[PDB]
file final-v8.txt (compact mmCIF, N, CA and C atoms and all ligand atoms)
# COMPACT_ATOMS: atom_id res chain seq x y z
N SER A 1 2.76 -10.33 -0.11
CA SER A 1 2.81 -9.86 -1.50
C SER A 1 1.44 -9.33 -1.93
N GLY A 2 1.39 -8.63 -3.07
CA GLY A 2 0.13 -8.13 -3.61
C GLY A 2 0.31 -6.81 -4.32
N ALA A 3 -0.62 -6.51 -5.21
CA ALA A 3 -0.53 -5.27 -5.97
C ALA A 3 -1.92 -4.73 -6.26
N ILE A 4 -1.98 -3.44 -6.64
CA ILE A 4 -3.20 -2.82 -7.17
C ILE A 4 -3.02 -2.75 -8.67
N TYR A 5 -4.04 -3.17 -9.45
CA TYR A 5 -3.98 -3.11 -10.92
C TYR A 5 -5.08 -2.14 -11.37
N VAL A 6 -4.69 -0.90 -11.67
CA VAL A 6 -5.62 0.14 -12.11
C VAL A 6 -5.16 0.67 -13.45
N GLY A 7 -6.03 0.68 -14.46
CA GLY A 7 -5.63 1.15 -15.79
C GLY A 7 -4.45 0.34 -16.31
N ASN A 8 -3.41 1.02 -16.80
CA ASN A 8 -2.17 0.34 -17.21
C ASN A 8 -1.06 0.53 -16.18
N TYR A 9 -1.44 0.53 -14.90
CA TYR A 9 -0.49 0.65 -13.81
C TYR A 9 -0.58 -0.53 -12.86
N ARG A 10 0.57 -0.89 -12.27
CA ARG A 10 0.70 -1.89 -11.21
C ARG A 10 1.33 -1.17 -10.02
N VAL A 11 0.62 -1.10 -8.88
CA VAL A 11 1.12 -0.42 -7.67
C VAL A 11 1.54 -1.47 -6.67
N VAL A 12 2.82 -1.44 -6.26
CA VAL A 12 3.36 -2.43 -5.33
C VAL A 12 4.13 -1.74 -4.23
N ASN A 13 4.43 -2.49 -3.15
CA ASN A 13 5.36 -1.97 -2.14
C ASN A 13 6.74 -1.81 -2.83
N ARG A 14 7.39 -0.66 -2.61
CA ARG A 14 8.71 -0.45 -3.25
C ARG A 14 9.67 -1.56 -2.85
N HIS A 15 9.60 -2.00 -1.56
CA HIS A 15 10.57 -3.00 -1.11
C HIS A 15 10.34 -4.40 -1.70
N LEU A 16 9.20 -4.63 -2.36
CA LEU A 16 8.86 -5.92 -3.01
C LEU A 16 8.90 -5.83 -4.54
N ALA A 17 9.27 -4.65 -5.11
CA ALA A 17 9.28 -4.49 -6.56
C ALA A 17 10.25 -5.47 -7.23
N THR A 18 9.84 -6.01 -8.38
CA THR A 18 10.68 -6.97 -9.15
C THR A 18 11.58 -6.24 -10.15
N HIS A 19 12.51 -6.97 -10.82
CA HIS A 19 13.29 -6.37 -11.88
C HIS A 19 12.39 -5.86 -13.00
N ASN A 20 11.31 -6.61 -13.34
CA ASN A 20 10.42 -6.13 -14.39
C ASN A 20 9.76 -4.81 -13.98
N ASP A 21 9.40 -4.68 -12.66
CA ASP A 21 8.84 -3.39 -12.22
C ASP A 21 9.84 -2.24 -12.42
N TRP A 22 11.09 -2.44 -12.00
CA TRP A 22 12.12 -1.39 -12.14
C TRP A 22 12.42 -1.08 -13.63
N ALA A 23 12.33 -2.08 -14.51
CA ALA A 23 12.60 -1.89 -15.93
C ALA A 23 11.44 -1.23 -16.66
N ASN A 24 10.26 -1.15 -16.01
CA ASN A 24 9.05 -0.52 -16.60
C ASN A 24 8.51 0.50 -15.59
N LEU A 25 9.40 1.26 -14.98
CA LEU A 25 9.06 2.17 -13.89
C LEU A 25 8.30 3.42 -14.32
N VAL A 26 7.25 3.77 -13.59
CA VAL A 26 6.51 5.02 -13.79
C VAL A 26 6.90 6.00 -12.67
N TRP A 27 6.87 5.55 -11.40
CA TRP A 27 7.13 6.43 -10.26
C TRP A 27 7.49 5.62 -9.04
N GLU A 28 8.39 6.14 -8.19
CA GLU A 28 8.70 5.45 -6.95
C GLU A 28 9.00 6.46 -5.87
N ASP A 29 8.71 6.10 -4.62
CA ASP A 29 8.99 6.99 -3.49
C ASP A 29 9.30 6.15 -2.25
N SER A 30 10.58 6.13 -1.86
CA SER A 30 11.03 5.34 -0.72
C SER A 30 10.36 5.80 0.58
N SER A 31 10.15 7.13 0.74
CA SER A 31 9.52 7.61 1.98
C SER A 31 8.09 7.10 2.17
N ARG A 32 7.42 6.69 1.08
CA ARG A 32 6.05 6.15 1.13
C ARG A 32 6.00 4.61 1.00
N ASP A 33 7.15 3.96 0.70
CA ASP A 33 7.19 2.54 0.37
C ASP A 33 6.32 2.19 -0.84
N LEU A 34 6.29 3.07 -1.87
CA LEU A 34 5.46 2.77 -3.04
C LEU A 34 6.28 2.78 -4.33
N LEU A 35 5.87 1.94 -5.28
CA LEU A 35 6.45 1.94 -6.63
C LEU A 35 5.33 1.58 -7.57
N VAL A 36 5.30 2.24 -8.73
CA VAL A 36 4.31 2.02 -9.78
C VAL A 36 5.02 1.71 -11.07
N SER A 37 4.65 0.59 -11.71
CA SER A 37 5.18 0.22 -13.01
C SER A 37 4.05 0.14 -14.05
N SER A 38 4.42 0.11 -15.34
CA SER A 38 3.44 0.05 -16.41
C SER A 38 3.11 -1.41 -16.76
N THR A 39 1.86 -1.64 -17.23
CA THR A 39 1.41 -2.98 -17.59
C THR A 39 0.91 -3.00 -19.03
N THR A 40 0.95 -4.19 -19.65
CA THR A 40 0.43 -4.32 -21.00
C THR A 40 -1.09 -4.46 -20.95
N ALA A 41 -1.60 -5.25 -20.00
CA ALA A 41 -3.05 -5.46 -19.84
C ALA A 41 -3.68 -4.43 -18.89
N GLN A 42 -4.96 -4.09 -19.11
CA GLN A 42 -5.68 -3.15 -18.25
C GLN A 42 -6.19 -3.86 -17.03
N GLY A 43 -6.08 -3.20 -15.89
CA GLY A 43 -6.52 -3.76 -14.61
C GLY A 43 -7.94 -3.39 -14.25
N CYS A 44 -8.46 -4.05 -13.19
CA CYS A 44 -9.87 -3.91 -12.78
C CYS A 44 -10.12 -3.16 -11.49
N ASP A 45 -9.07 -2.83 -10.75
CA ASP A 45 -9.24 -2.10 -9.51
C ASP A 45 -9.57 -0.64 -9.82
N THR A 46 -10.37 -0.04 -8.98
CA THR A 46 -10.71 1.40 -9.03
C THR A 46 -10.14 2.02 -7.74
N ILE A 47 -9.57 3.24 -7.84
CA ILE A 47 -9.03 3.89 -6.65
C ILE A 47 -10.12 4.74 -5.97
N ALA A 48 -10.22 4.62 -4.64
CA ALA A 48 -11.13 5.44 -3.87
C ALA A 48 -10.65 6.90 -3.88
N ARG A 49 -11.62 7.85 -4.01
CA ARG A 49 -11.32 9.27 -3.97
C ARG A 49 -12.31 9.81 -2.93
N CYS A 50 -11.92 9.70 -1.69
CA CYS A 50 -12.80 9.92 -0.55
C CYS A 50 -12.03 10.24 0.71
N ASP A 51 -12.87 10.42 1.81
CA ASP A 51 -12.41 10.71 3.15
C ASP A 51 -12.66 9.56 4.14
N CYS A 52 -12.88 8.33 3.65
CA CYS A 52 -13.18 7.22 4.57
C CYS A 52 -12.05 6.92 5.56
N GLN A 53 -12.43 6.61 6.79
CA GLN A 53 -11.48 6.17 7.79
C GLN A 53 -11.93 4.80 8.41
N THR A 54 -12.85 4.10 7.68
CA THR A 54 -13.24 2.73 7.96
C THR A 54 -13.21 1.96 6.63
N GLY A 55 -12.81 0.71 6.70
CA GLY A 55 -12.74 -0.10 5.49
C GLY A 55 -12.41 -1.53 5.83
N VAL A 56 -11.91 -2.29 4.85
CA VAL A 56 -11.62 -3.69 5.04
C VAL A 56 -10.28 -3.97 4.40
N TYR A 57 -9.42 -4.77 5.05
CA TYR A 57 -8.13 -5.14 4.41
C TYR A 57 -7.95 -6.66 4.33
N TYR A 58 -7.13 -7.08 3.36
CA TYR A 58 -6.80 -8.50 3.24
C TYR A 58 -5.51 -8.83 3.97
N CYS A 59 -5.60 -9.84 4.81
CA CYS A 59 -4.47 -10.35 5.62
C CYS A 59 -4.08 -11.76 5.13
N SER A 60 -2.99 -11.88 4.35
CA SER A 60 -2.61 -13.20 3.81
C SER A 60 -2.21 -14.22 4.88
N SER A 61 -1.67 -13.76 6.03
CA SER A 61 -1.29 -14.65 7.13
C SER A 61 -2.47 -15.20 7.94
N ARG A 62 -3.70 -14.78 7.56
CA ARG A 62 -4.92 -15.35 8.14
C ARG A 62 -5.90 -15.81 7.04
N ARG A 63 -5.57 -15.61 5.76
CA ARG A 63 -6.52 -15.86 4.65
C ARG A 63 -7.88 -15.20 4.91
N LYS A 64 -7.86 -13.97 5.40
CA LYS A 64 -9.10 -13.32 5.80
C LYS A 64 -9.08 -11.85 5.54
N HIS A 65 -10.25 -11.29 5.25
CA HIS A 65 -10.48 -9.86 5.15
C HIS A 65 -11.05 -9.37 6.50
N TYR A 66 -10.48 -8.29 7.04
CA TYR A 66 -10.91 -7.78 8.36
C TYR A 66 -11.40 -6.36 8.24
N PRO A 67 -12.53 -6.04 8.88
CA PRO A 67 -12.95 -4.62 8.92
C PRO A 67 -12.05 -3.86 9.91
N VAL A 68 -11.71 -2.64 9.56
CA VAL A 68 -10.84 -1.82 10.43
C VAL A 68 -11.21 -0.37 10.39
N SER A 69 -10.89 0.33 11.50
CA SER A 69 -10.86 1.81 11.57
C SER A 69 -9.39 2.20 11.45
N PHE A 70 -9.07 3.19 10.63
CA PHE A 70 -7.67 3.56 10.39
C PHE A 70 -7.48 5.06 10.50
N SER A 71 -6.27 5.48 10.85
CA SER A 71 -5.96 6.89 11.00
C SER A 71 -5.82 7.61 9.67
N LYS A 72 -5.83 8.94 9.67
CA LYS A 72 -5.62 9.69 8.44
C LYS A 72 -4.14 9.59 8.01
N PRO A 73 -3.83 9.71 6.71
CA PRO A 73 -2.43 9.58 6.26
C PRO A 73 -1.53 10.57 6.97
N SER A 74 -0.43 10.07 7.52
CA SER A 74 0.44 10.89 8.35
C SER A 74 1.90 10.44 8.23
N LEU A 75 2.79 11.21 8.92
CA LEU A 75 4.21 10.90 8.98
C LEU A 75 4.40 10.15 10.30
N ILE A 76 4.72 8.85 10.22
CA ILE A 76 4.83 7.95 11.37
C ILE A 76 6.19 7.30 11.44
N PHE A 77 6.71 7.18 12.67
CA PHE A 77 8.00 6.54 12.86
C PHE A 77 7.80 5.04 12.82
N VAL A 78 8.55 4.36 11.94
CA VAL A 78 8.45 2.93 11.74
C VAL A 78 9.79 2.31 12.15
N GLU A 79 9.74 1.24 12.94
CA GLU A 79 10.94 0.54 13.42
C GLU A 79 11.69 -0.10 12.26
N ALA A 80 12.99 -0.36 12.48
CA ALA A 80 13.83 -1.02 11.48
C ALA A 80 13.29 -2.38 11.13
N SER A 81 13.38 -2.72 9.86
CA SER A 81 12.95 -4.03 9.37
C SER A 81 14.08 -4.59 8.48
N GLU A 82 13.80 -5.69 7.74
CA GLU A 82 14.80 -6.20 6.80
C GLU A 82 14.96 -5.26 5.58
N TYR A 83 13.98 -4.37 5.33
CA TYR A 83 13.99 -3.55 4.11
C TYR A 83 14.28 -2.08 4.30
N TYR A 84 14.09 -1.54 5.52
CA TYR A 84 14.39 -0.12 5.78
C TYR A 84 14.96 0.02 7.20
N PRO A 85 15.85 1.00 7.42
CA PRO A 85 16.25 1.31 8.81
C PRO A 85 15.04 1.96 9.51
N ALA A 86 15.14 2.21 10.83
CA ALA A 86 14.07 2.91 11.56
C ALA A 86 14.04 4.34 10.99
N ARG A 87 12.85 4.81 10.61
CA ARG A 87 12.73 6.08 9.92
C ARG A 87 11.29 6.55 9.98
N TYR A 88 11.04 7.76 9.48
CA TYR A 88 9.69 8.26 9.32
C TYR A 88 9.18 7.89 7.93
N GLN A 89 8.00 7.24 7.87
CA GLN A 89 7.33 6.89 6.61
C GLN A 89 6.16 7.87 6.45
N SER A 90 6.01 8.45 5.25
CA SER A 90 4.95 9.42 5.01
C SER A 90 3.72 8.74 4.38
N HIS A 91 2.58 9.43 4.48
CA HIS A 91 1.31 9.02 3.90
C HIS A 91 0.91 7.62 4.41
N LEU A 92 1.18 7.36 5.68
CA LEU A 92 0.91 6.06 6.29
C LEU A 92 -0.31 6.18 7.20
N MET A 93 -1.17 5.16 7.18
CA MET A 93 -2.37 5.11 8.05
C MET A 93 -2.26 3.88 8.94
N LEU A 94 -2.54 4.00 10.25
CA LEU A 94 -2.45 2.85 11.15
C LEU A 94 -3.81 2.34 11.61
N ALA A 95 -3.90 1.04 11.82
CA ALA A 95 -5.10 0.39 12.38
C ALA A 95 -4.66 -0.73 13.33
N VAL A 96 -5.59 -1.20 14.17
CA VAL A 96 -5.36 -2.36 14.98
C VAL A 96 -5.76 -3.58 14.14
N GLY A 97 -4.80 -4.46 13.94
CA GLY A 97 -5.04 -5.66 13.14
C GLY A 97 -3.78 -6.46 13.01
N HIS A 98 -3.96 -7.75 12.66
CA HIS A 98 -2.82 -8.61 12.49
C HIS A 98 -2.05 -8.35 11.18
N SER A 99 -0.73 -8.32 11.23
CA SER A 99 0.10 -8.24 10.08
C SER A 99 1.47 -8.85 10.40
N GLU A 100 2.00 -9.54 9.43
CA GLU A 100 3.32 -10.17 9.39
C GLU A 100 4.01 -9.59 8.15
N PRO A 101 5.35 -9.62 8.08
CA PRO A 101 6.04 -8.95 6.95
C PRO A 101 5.51 -9.32 5.55
N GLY A 102 5.22 -10.60 5.30
CA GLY A 102 4.68 -11.08 4.03
C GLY A 102 3.24 -10.65 3.74
N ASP A 103 2.55 -10.04 4.70
CA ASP A 103 1.23 -9.46 4.46
C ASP A 103 1.30 -8.17 3.63
N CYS A 104 2.51 -7.58 3.46
CA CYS A 104 2.62 -6.37 2.63
C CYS A 104 2.06 -6.60 1.23
N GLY A 105 1.27 -5.64 0.75
CA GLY A 105 0.66 -5.76 -0.56
C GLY A 105 -0.84 -6.04 -0.51
N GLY A 106 -1.33 -6.51 0.64
CA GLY A 106 -2.77 -6.73 0.78
C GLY A 106 -3.54 -5.43 0.63
N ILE A 107 -4.69 -5.47 -0.04
CA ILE A 107 -5.44 -4.22 -0.27
C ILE A 107 -6.29 -3.83 0.91
N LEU A 108 -6.31 -2.51 1.21
CA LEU A 108 -7.30 -1.87 2.08
C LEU A 108 -8.30 -1.18 1.14
N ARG A 109 -9.58 -1.38 1.37
CA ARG A 109 -10.61 -0.77 0.50
C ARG A 109 -11.78 -0.28 1.33
N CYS A 110 -12.56 0.61 0.70
CA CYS A 110 -13.83 1.11 1.28
C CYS A 110 -14.91 0.94 0.16
N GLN A 111 -16.17 1.45 0.40
CA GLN A 111 -17.21 1.36 -0.64
C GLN A 111 -16.84 2.09 -1.93
N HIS A 112 -15.89 3.05 -1.87
CA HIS A 112 -15.48 3.84 -3.06
C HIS A 112 -14.41 3.18 -3.92
N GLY A 113 -13.71 2.18 -3.35
CA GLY A 113 -12.65 1.52 -4.07
C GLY A 113 -11.43 1.25 -3.20
N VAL A 114 -10.29 1.11 -3.86
CA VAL A 114 -9.02 0.82 -3.18
C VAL A 114 -8.44 2.06 -2.51
N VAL A 115 -8.09 1.95 -1.23
CA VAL A 115 -7.59 3.05 -0.42
C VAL A 115 -6.06 2.99 -0.33
N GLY A 116 -5.49 1.79 -0.20
CA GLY A 116 -4.03 1.63 -0.09
C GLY A 116 -3.64 0.18 0.06
N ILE A 117 -2.37 -0.07 0.42
CA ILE A 117 -1.87 -1.45 0.57
C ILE A 117 -1.13 -1.58 1.87
N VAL A 118 -1.14 -2.79 2.45
CA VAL A 118 -0.39 -3.04 3.69
C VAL A 118 1.09 -2.76 3.45
N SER A 119 1.73 -2.01 4.37
CA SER A 119 3.13 -1.62 4.26
C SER A 119 3.90 -1.83 5.54
N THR A 120 3.26 -1.77 6.74
CA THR A 120 4.03 -1.93 8.00
C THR A 120 3.22 -2.83 8.96
N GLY A 121 3.84 -3.23 10.07
CA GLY A 121 3.12 -4.00 11.06
C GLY A 121 3.92 -4.34 12.29
N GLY A 122 3.25 -5.09 13.16
CA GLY A 122 3.82 -5.60 14.41
C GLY A 122 2.93 -5.28 15.59
N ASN A 123 2.93 -6.19 16.59
CA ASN A 123 2.24 -6.02 17.87
C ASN A 123 0.80 -5.61 17.79
N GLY A 124 0.07 -6.25 16.89
CA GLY A 124 -1.34 -6.02 16.75
C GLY A 124 -1.65 -4.73 16.03
N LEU A 125 -0.64 -4.10 15.35
CA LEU A 125 -0.92 -2.94 14.49
C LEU A 125 -0.65 -3.31 13.02
N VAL A 126 -1.36 -2.66 12.11
CA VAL A 126 -1.10 -2.82 10.68
C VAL A 126 -1.06 -1.38 10.11
N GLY A 127 -0.10 -1.09 9.22
CA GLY A 127 0.01 0.22 8.59
C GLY A 127 -0.20 0.08 7.11
N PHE A 128 -0.91 1.04 6.53
CA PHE A 128 -1.23 1.04 5.09
C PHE A 128 -0.66 2.26 4.41
N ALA A 129 -0.05 2.04 3.24
CA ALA A 129 0.40 3.16 2.40
C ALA A 129 -0.80 3.68 1.62
N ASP A 130 -1.20 4.95 1.85
CA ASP A 130 -2.33 5.53 1.14
C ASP A 130 -1.98 5.75 -0.32
N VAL A 131 -3.00 5.60 -1.20
CA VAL A 131 -2.83 5.94 -2.62
C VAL A 131 -3.91 6.92 -3.11
N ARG A 132 -4.82 7.38 -2.22
CA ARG A 132 -5.96 8.20 -2.64
C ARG A 132 -5.56 9.56 -3.18
N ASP A 133 -4.36 10.07 -2.83
CA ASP A 133 -3.93 11.37 -3.35
C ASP A 133 -3.27 11.28 -4.73
N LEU A 134 -2.99 10.04 -5.23
CA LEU A 134 -2.28 9.85 -6.50
C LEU A 134 -3.28 9.88 -7.64
N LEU A 135 -3.74 11.10 -7.96
CA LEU A 135 -4.84 11.25 -8.92
C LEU A 135 -4.49 10.78 -10.30
N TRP A 136 -3.20 10.84 -10.65
CA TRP A 136 -2.74 10.44 -11.98
C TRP A 136 -2.94 8.95 -12.24
N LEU A 137 -3.18 8.13 -11.20
CA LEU A 137 -3.45 6.70 -11.44
C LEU A 137 -4.71 6.51 -12.30
N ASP A 138 -5.63 7.50 -12.28
CA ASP A 138 -6.92 7.40 -13.00
C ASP A 138 -6.85 7.79 -14.47
N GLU A 139 -5.68 8.19 -14.98
CA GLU A 139 -5.59 8.64 -16.38
C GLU A 139 -4.29 8.20 -17.08
N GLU A 140 -4.12 8.59 -18.37
CA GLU A 140 -2.91 8.47 -19.20
C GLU A 140 -2.33 7.08 -19.23
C1 LIG B 201 7.30 -7.49 13.63
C2 LIG B 201 6.76 -7.02 12.33
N1 LIG B 201 7.40 -6.21 11.49
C3 LIG B 201 6.53 -6.04 10.42
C4 LIG B 201 6.70 -5.27 9.25
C5 LIG B 201 7.95 -4.43 9.05
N2 LIG B 201 8.25 -3.98 7.70
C6 LIG B 201 8.12 -2.52 7.55
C7 LIG B 201 8.10 -2.11 6.07
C8 LIG B 201 8.13 -0.60 5.89
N3 LIG B 201 7.25 -0.10 5.04
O1 LIG B 201 8.97 0.09 6.48
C9 LIG B 201 9.30 -2.79 5.39
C10 LIG B 201 9.14 -4.31 5.44
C11 LIG B 201 8.72 -4.86 6.77
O2 LIG B 201 8.85 -6.05 7.01
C12 LIG B 201 5.62 -5.28 8.37
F1 LIG B 201 5.67 -4.46 7.29
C13 LIG B 201 4.47 -6.01 8.56
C14 LIG B 201 4.31 -6.76 9.72
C15 LIG B 201 5.36 -6.76 10.63
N4 LIG B 201 5.53 -7.37 11.87
ZN ZN B 202 -14.34 5.64 0.69
call {"tool": "encode", "arguments": {"input": "final-v8.txt", "output": "structure tokens", "more": "lines below"}}
Ligand SMILES: Cc1nc2c(CN3C[C@@H](C(N)=O)CCC3=O)c(F)ccc2[nH]1
Ligand SMILES: [Zn+2]
result
Amino acid sequence: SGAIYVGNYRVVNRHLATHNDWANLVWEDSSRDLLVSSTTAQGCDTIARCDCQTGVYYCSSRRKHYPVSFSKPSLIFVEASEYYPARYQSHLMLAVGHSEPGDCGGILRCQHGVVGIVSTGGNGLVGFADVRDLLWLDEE
């Protein structure tokens, strides 16, 4: 589990969104595994607006933050899980690192801010849904 809290937005994995998220929906995209809902309180996270391909992510199944090198956002084939059939997920970045299904939502960040959240995994790989192209998170 986990979310990004930027401005009056809450960014979560679409497959983990709650009824309150769906009832206060701003934007969702199944192909990216992302959903954004509105919040009453202002959040403290800042979104990275950069080209970094190194950063650090939080792994709840180890209670640890790990440094990683990750690929550029791309269209990657992801195996079937409890939440999606086997399909192509867009704007996904891969790294070598530990992840279990409940690790989804952990933040990946660089010196510029939040880069994305854990969305996929297995066999010593971890995949992150990028948010750096969602410029509208910084306003309105
Ligand atoms: C064996 C294994 N499968 C893992 C998944 C699979 N997965 C893919 C998600 C997606 N975005 O398609 C939907 C939810 C989900 O559980 C992880 F996300 C993380 C670690 C994993 N280890
Ligand atoms: Zn950066």
call {"tool": "select_by_dssp", "arguments": {"input": "final-v8.txt", "residues": "chain A", "states": "alpha helix (DSSP H)", "output": "MDAnalysis selection string"}}
result
chainID A and resid 19:23
call {"tool": "write_last_selection", "arguments": {"input": "final-v8.txt", "atoms": "N, CA and C atoms", "output": "PDB file, in the coordinates of the input"}}
result
ATOM      1  N   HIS A  19      12.510  -6.970 -10.820  1.00  0.00           N
ATOM      2  CA  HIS A  19      13.290  -6.370 -11.880  1.00  0.00           C
ATOM      3  C   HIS A  19      12.390  -5.860 -13.000  1.00  0.00           C
ATOM      4  N   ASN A  20      11.310  -6.610 -13.340  1.00  0.00           N
ATOM      5  CA  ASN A  20      10.420  -6.130 -14.390  1.00  0.00           C
ATOM      6  C   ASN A  20       9.760  -4.810 -13.980  1.00  0.00           C
ATOM      7  N   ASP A  21       9.400  -4.680 -12.660  1.00  0.00           N
ATOM      8  CA  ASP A  21       8.840  -3.390 -12.220  1.00  0.00           C
ATOM      9  C   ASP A  21       9.840  -2.240 -12.420  1.00  0.00           C
ATOM     10  N   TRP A  22      11.090  -2.440 -12.000  1.00  0.00           N
ATOM     11  CA  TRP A  22      12.120  -1.390 -12.140  1.00  0.00           C
ATOM     12  C   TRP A  22      12.420  -1.080 -13.630  1.00  0.00           C
ATOM     13  N   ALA A  23      12.330  -2.080 -14.510  1.00  0.00           N
ATOM     14  CA  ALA A  23      12.600  -1.890 -15.930  1.00  0.00           C
ATOM     15  C   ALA A  23      11.440  -1.230 -16.660  1.00  0.00           C
TER      16      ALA A  23
END
call {"tool": "atom_distance", "arguments": {"input": "final-v8.txt", "atom1": "atom C of residue 12 in chain A", "atom2": "atom N of residue 29 in chain A"}}
result
9.1 Å
call {"tool": "residues_near_ligand", "arguments": {"input": "final-v8.txt", "ligand": "ligand ZN 202 (chain B)", "cutoff": "6 Å", "atoms": "all atoms listed in the file", "output": "number ranges by chain"}}
result
A: 48-52, 110-113
call {"tool": "residues_near_ligand", "arguments": {"input": "final-v8.txt", "ligand": "ligand LIG 201 (chain B)", "cutoff": "6.5 Å", "atoms": "only N, CA and C atoms and all ligand atoms", "output": "PyMOL selection string"}}
result
chain A and resi 32-33+78-84+99-104+118-123
call {"tool": "closest_residue", "arguments": {"input": "final-v8.txt", "among": "A:59, A:115, A:23, A:76", "to": "residue 98 in chain A", "atoms": "only N, CA and C atoms"}}
result
A:59
call {"tool": "closest_residue", "arguments": {"input": "final-v8.txt", "among": "A:54, A:39, A:8, A:90", "to": "residue 68 in chain A", "atoms": "only N, CA and C atoms"}}
result
A:54
call {"tool": "atom_distance", "arguments": {"input": "final-v8.txt", "atom1": "atom C of residue 77 in chain A", "atom2": "atom N of residue 128 in chain A"}}
result
11.5 Å
call {"tool": "closest_residue", "arguments": {"input": "final-v8.txt", "among": "A:61, A:89, A:30, A:38", "to": "residue 9 in chain A", "atoms": "only C-alpha atoms"}}
result
A:38
call {"tool": "closest_residue", "arguments": {"input": "final-v8.txt", "among": "A:16, A:4, A:26, A:75", "to": "residue 88 in chain A", "atoms": "only C-alpha atoms"}}
result
A:75
call {"tool": "closest_residue", "arguments": {"input": "final-v8.txt", "among": "A:36, A:56, A:86, A:133", "to": "residue 24 in chain A", "atoms": "only N, CA and C atoms"}}
result
A:36
call {"tool": "atom_distance", "arguments": {"input": "final-v8.txt", "atom1": "atom C of residue 14 in chain A", "atom2": "atom N of residue 28 in chain A"}}
result
9.5 Å
call {"tool": "residues_around", "arguments": {"input": "final-v8.txt", "residues": "residue 57 in chain A", "least_positions_apart": "2", "cutoff": "6.5 Å", "atoms": "all atoms listed in the file", "output": "PyMOL selection string"}}
result
chain A and resi 55+59+64-68+106-109
call {"tool": "select_by_dssp", "arguments": {"input": "final-v8.txt", "residues": "range 13-69 of chain A", "states": "strand (DSSP E or B)", "output": "ChimeraX atom specification"}}
result
/A:13,25-29,34-44,47,54-59,64-69
call {"tool": "write_last_selection", "arguments": {"input": "final-v8.txt", "atoms": "N, CA and C atoms", "output": "compact mmCIF listing (two decimals), keeping the file's coordinate frame"}}
result
# COMPACT_ATOMS: atom_id res chain seq x y z
N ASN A 13 4.43 -2.49 -3.15
CA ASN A 13 5.36 -1.97 -2.14
C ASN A 13 6.74 -1.81 -2.83
N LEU A 25 9.40 1.26 -14.98
CA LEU A 25 9.06 2.17 -13.89
C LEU A 25 8.30 3.42 -14.32
N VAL A 26 7.25 3.77 -13.59
CA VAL A 26 6.51 5.02 -13.79
C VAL A 26 6.90 6.00 -12.67
N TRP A 27 6.87 5.55 -11.40
CA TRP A 27 7.13 6.43 -10.26
C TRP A 27 7.49 5.62 -9.04
N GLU A 28 8.39 6.14 -8.19
CA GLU A 28 8.70 5.45 -6.95
C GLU A 28 9.00 6.46 -5.87
N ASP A 29 8.71 6.10 -4.62
CA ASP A 29 8.99 6.99 -3.49
C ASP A 29 9.30 6.15 -2.25
N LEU A 34 6.29 3.07 -1.87
CA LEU A 34 5.46 2.77 -3.04
C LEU A 34 6.28 2.78 -4.33
N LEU A 35 5.87 1.94 -5.28
CA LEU A 35 6.45 1.94 -6.63
C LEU A 35 5.33 1.58 -7.57
N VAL A 36 5.30 2.24 -8.73
CA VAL A 36 4.31 2.02 -9.78
C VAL A 36 5.02 1.71 -11.07
N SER A 37 4.65 0.59 -11.71
CA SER A 37 5.18 0.22 -13.01
C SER A 37 4.05 0.14 -14.05
N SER A 38 4.42 0.11 -15.34
CA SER A 38 3.44 0.05 -16.41
C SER A 38 3.11 -1.41 -16.76
N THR A 39 1.86 -1.64 -17.23
CA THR A 39 1.41 -2.98 -17.59
C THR A 39 0.91 -3.00 -19.03
N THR A 40 0.95 -4.19 -19.65
CA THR A 40 0.43 -4.32 -21.00
C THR A 40 -1.09 -4.46 -20.95
N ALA A 41 -1.60 -5.25 -20.00
CA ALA A 41 -3.05 -5.46 -19.84
C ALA A 41 -3.68 -4.43 -18.89
N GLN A 42 -4.96 -4.09 -19.11
CA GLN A 42 -5.68 -3.15 -18.25
C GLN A 42 -6.19 -3.86 -17.03
N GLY A 43 -6.08 -3.20 -15.89
CA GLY A 43 -6.52 -3.76 -14.61
C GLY A 43 -7.94 -3.39 -14.25
N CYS A 44 -8.46 -4.05 -13.19
CA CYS A 44 -9.87 -3.91 -12.78
C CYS A 44 -10.12 -3.16 -11.49
N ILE A 47 -9.57 3.24 -7.84
CA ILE A 47 -9.03 3.89 -6.65
C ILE A 47 -10.12 4.74 -5.97
N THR A 54 -12.85 4.10 7.68
CA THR A 54 -13.24 2.73 7.96
C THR A 54 -13.21 1.96 6.63
N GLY A 55 -12.81 0.71 6.70
CA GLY A 55 -12.74 -0.10 5.49
C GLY A 55 -12.41 -1.53 5.83
N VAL A 56 -11.91 -2.29 4.85
CA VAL A 56 -11.62 -3.69 5.04
C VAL A 56 -10.28 -3.97 4.40
N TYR A 57 -9.42 -4.77 5.05
CA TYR A 57 -8.13 -5.14 4.41
C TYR A 57 -7.95 -6.66 4.33
N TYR A 58 -7.13 -7.08 3.36
CA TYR A 58 -6.80 -8.50 3.24
C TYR A 58 -5.51 -8.83 3.97
N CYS A 59 -5.60 -9.84 4.81
CA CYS A 59 -4.47 -10.35 5.62
C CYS A 59 -4.08 -11.76 5.13
N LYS A 64 -7.86 -13.97 5.40
CA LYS A 64 -9.10 -13.32 5.80
C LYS A 64 -9.08 -11.85 5.54
N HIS A 65 -10.25 -11.29 5.25
CA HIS A 65 -10.48 -9.86 5.15
C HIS A 65 -11.05 -9.37 6.50
N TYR A 66 -10.48 -8.29 7.04
CA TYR A 66 -10.91 -7.78 8.36
C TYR A 66 -11.40 -6.36 8.24
N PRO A 67 -12.53 -6.04 8.88
CA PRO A 67 -12.95 -4.62 8.92
C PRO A 67 -12.05 -3.86 9.91
N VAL A 68 -11.71 -2.64 9.56
CA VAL A 68 -10.84 -1.82 10.43
C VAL A 68 -11.21 -0.37 10.39
N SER A 69 -10.89 0.33 11.50
CA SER A 69 -10.86 1.81 11.57
C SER A 69 -9.39 2.20 11.45
